[PDB]
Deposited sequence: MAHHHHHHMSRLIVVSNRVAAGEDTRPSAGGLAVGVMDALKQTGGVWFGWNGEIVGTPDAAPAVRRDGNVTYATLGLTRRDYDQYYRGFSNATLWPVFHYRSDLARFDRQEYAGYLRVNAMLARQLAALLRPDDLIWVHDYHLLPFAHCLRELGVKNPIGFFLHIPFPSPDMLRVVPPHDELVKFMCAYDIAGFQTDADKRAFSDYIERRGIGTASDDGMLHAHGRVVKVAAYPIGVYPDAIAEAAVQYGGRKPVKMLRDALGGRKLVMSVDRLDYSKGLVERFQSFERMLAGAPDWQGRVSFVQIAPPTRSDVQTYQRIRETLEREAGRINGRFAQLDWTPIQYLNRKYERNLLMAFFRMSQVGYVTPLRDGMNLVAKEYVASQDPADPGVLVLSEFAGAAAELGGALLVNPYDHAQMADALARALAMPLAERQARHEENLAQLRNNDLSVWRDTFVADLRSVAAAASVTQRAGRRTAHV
């Protein structure tokens, strides 16, 4: 078989992440996983480090401080990330950072080209690598190259906040396949090309033909359930169950990102306690929130605001034996988290914007079907398009969020089971295999032809 070449920013089953999504395809084809090893080095690396683990080969590379600052911390995380989440107020464009972004893409692309074989299928992942296919084409690479964006793709009126948006869209048309999480994301990309006169489910633009499609990432719901049962007796689980002592449990797990709406989430739980005082002392909200991107200033500000809200809300409602919001910056093993979800009565997942959000899907998959919890889900998560059994909320409406918490906490068993079974059927109908197998098959349908009109499958 042709090798599958996976390219992502950071090269790695219990831990989720990209590895569990792509590993079987790498193992099947004897493929390669190429990318950055997370290290900073003082001088650029001459060649990639090649480690072979059975059938899969790992090719990693270091980055300089200047690379890290301009490619990752800068343009990716201070321009693309805030804009793609509809936060133009947090965007900071810098010309030298953007040039560093392009330079790193080219450096990575030339390093990969030296490892390529003519029949390799190339699968590039996420916003760090928008230019990667374009860079490969300029090196003469004719292989099929597919792209998958894990985060939202903003509508044109928001994308334009990124100053090189036009060049970025041209770069994306170097991919034979541009995959997105949801239909809305793909429509945003198509709307940009059509409504700006750039081109006309195939897109014809910038002298190429592009397949534009949605491949919403799912999970392995049956494995998650087994893991949640297997870990139900670990010490952290007994610790939390002893602490609740019969109180109902609202559970959240989020990177401490401004995309996750943690402040709105905290204030809405406060609003529910004030409006339904009989809940005071009878429910506990646990928020596990490991820090992320601490070296980006926007993340320091959102973290300080959340800490103040935790202190203010807890000072307002705490009793001598009750902390209303248990806020923890510690990271927990993924299997423990599933057992936390199963124990809980409510999953509270209210991002202001999210490509998909797997926590929402993992929350449903952890539940006991005989006594399942309720998912309260922001309508701005990509997962809202599938999880119809969730209570959908608008996170800018704190009163609506508070009512949904109260409804979730008091919901009779029968409706909890109906909503859970509806959501569970969705997870089984679109598990992680569908994302992998469908994208891999679409890549296998592209021909490595010189005529642009011959590449496309059908």
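**Student:** Return the ranges of the deposited sequence not covered by C-alpha coordinates, sorted by sequence position.
**Tutor:** Comparing the full sequence with the modelled residues, the uncovered ranges come out as 1-8, 21-26, 215-218, 477-481.
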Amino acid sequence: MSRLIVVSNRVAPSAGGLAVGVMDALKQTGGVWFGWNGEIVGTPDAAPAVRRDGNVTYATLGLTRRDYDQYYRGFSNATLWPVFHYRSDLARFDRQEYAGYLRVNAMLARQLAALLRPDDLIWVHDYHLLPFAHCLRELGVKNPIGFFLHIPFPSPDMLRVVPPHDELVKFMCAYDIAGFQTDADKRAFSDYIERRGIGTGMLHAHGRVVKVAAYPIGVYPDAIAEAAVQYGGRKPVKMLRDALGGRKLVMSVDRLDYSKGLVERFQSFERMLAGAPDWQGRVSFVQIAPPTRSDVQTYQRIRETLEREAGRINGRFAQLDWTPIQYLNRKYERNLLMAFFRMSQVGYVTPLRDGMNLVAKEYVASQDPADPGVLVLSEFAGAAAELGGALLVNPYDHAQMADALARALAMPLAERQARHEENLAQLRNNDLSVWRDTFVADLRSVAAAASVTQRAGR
From here on, numbers count along this sequence of modelled residues.
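**Student:** On mean Cα temperature factor in this entry, is 111-119 or 148-156 the higher one?
**Tutor:** Per the PDB record, 111-119.
**Student:** Mean CA B-factor: is it higher for 229-237 or for 288-296?
**Tutor:** The stretch with the larger mean CA B-factor is 229-237.
**Student:** Name the one of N357, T79, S378, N335 with the greatest CA B-factor according to the PDB entry.
**Tutor:** Spelled out: the listed residue with the top C-alpha B-factor is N335.
**Student:** From the list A106, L168, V161, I198, select the residue with the highest C-alpha B factor recorded in the entry.
**Tutor:** Result of the comparison over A106, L168, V161, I198: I198.
**Student:** Compared with the other modelled residues in the chain, in which third is the CA B-factor of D67?
**Tutor:** According to the entry, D67 has a C-alpha B-factor in the chain's middle third.
**Student:** Classify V452 as lowest, middle or highest third according to the C-alpha B-factor given in the PDB entry, relative to its own chain.
**Tutor:** Highest third - that is where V452 ends up once the chain's C-alpha B-factors are sorted.
**Student:** Test of reading the entry: by CA B factor among the chain's modelled residues, which third contains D176?
**Tutor:** Its C-alpha B-factor belongs to the lowest third of this chain's values.
**Student:** Is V7 in the lowest, middle or highest third of its chain when residues are ranked by C-alpha B-factor?
**Tutor:** It belongs to the lowest third of the chain when residues are ordered by C-alpha B-factor.
**Student:** Once the chain's modelled residues are ordered by C-alpha B factor and cut into thirds, is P216 in the lowest, middle or highest one?
**Tutor:** Answer is middle: the recorded C-alpha B-factor places it there.
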